Structures are given as structure tokens and as C-alpha cells.
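Colleague: Structure provided below as C-alpha cells; questions to follow.
Values quoted throughout were computed directly from the atomic coordinates according to the rules given, and no laboratory measurement underlies them. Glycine also receives a Cβ, built like all others from the backbone with ideal geometry; neighbour counts cover every protein chain displayed.
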Amino acid sequence: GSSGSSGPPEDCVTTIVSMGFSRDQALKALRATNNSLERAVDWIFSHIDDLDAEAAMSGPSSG
């Protein structure tokens, strides 16, 4: 049980991934949602929708 400097929760990360999400996403989401679970899932779903973010080219990979 180590955790010095602030950081995102593990349980959350797990939960998300548990759903079948990318580990990076979970992390990002969290950080994107000030380390939030509920919001994360929301910030996540949003991405799934299509509205990823402001106009910005997307990497080569089919969704």
C-alpha cells in the first residue's frame, strides 16, 4: 500500500477497464475529470459518441 504524490485511484481505473475501456482512457478520463469516476464514464461515453474534442486530426484506427 504505497501512494505518496497525488494520483488517480486504482479501483476506478479497474472499474473502467472492467467495462472494456482502454487503460489510458481511464487514466486520462480521471485526470480529465479531476480524478472522477462518474464523470470519467461520462467523459468516456462522450468520446464513444463522436465528440472527441475540438477539431483535431485523429490517429489511424477504426472504432
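Colleague: Determine, for each peptide in 27-33, 2-8, 57-63, the mean count of other beta carbons within 10 angstrom over its residues, then list the peptides with the highest first.
Modeller: Values: 27-33: 18.7, 2-8: 8.0, 57-63: 5.1.
Result, highest mean Cβ count within 10 Å first: 27-33, 2-8, 57-63.
Colleague: With θ set to phi - 60° and the Karplus curve 6.51 cos²θ - 1.76 cosθ + 1.60, what are the ³J(HN,Hα) couplings of the range 23-29 in order, to the nearest whole Hz, using x for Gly and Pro?
Modeller: Karplus values, whole Hz, x for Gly and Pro: 4, 4, 3, 3, 3, 3, 2.
Colleague: Of the peptides 36-49, 11-24, how do they stack up when ordered by the mean number of other Cβ atoms within 10 Å, highest first?
Modeller: Values: 36-49: 15.4, 11-24: 13.4.
Per-residue mean Cβ counts within 10 Å order the peptides as 36-49, 11-24.
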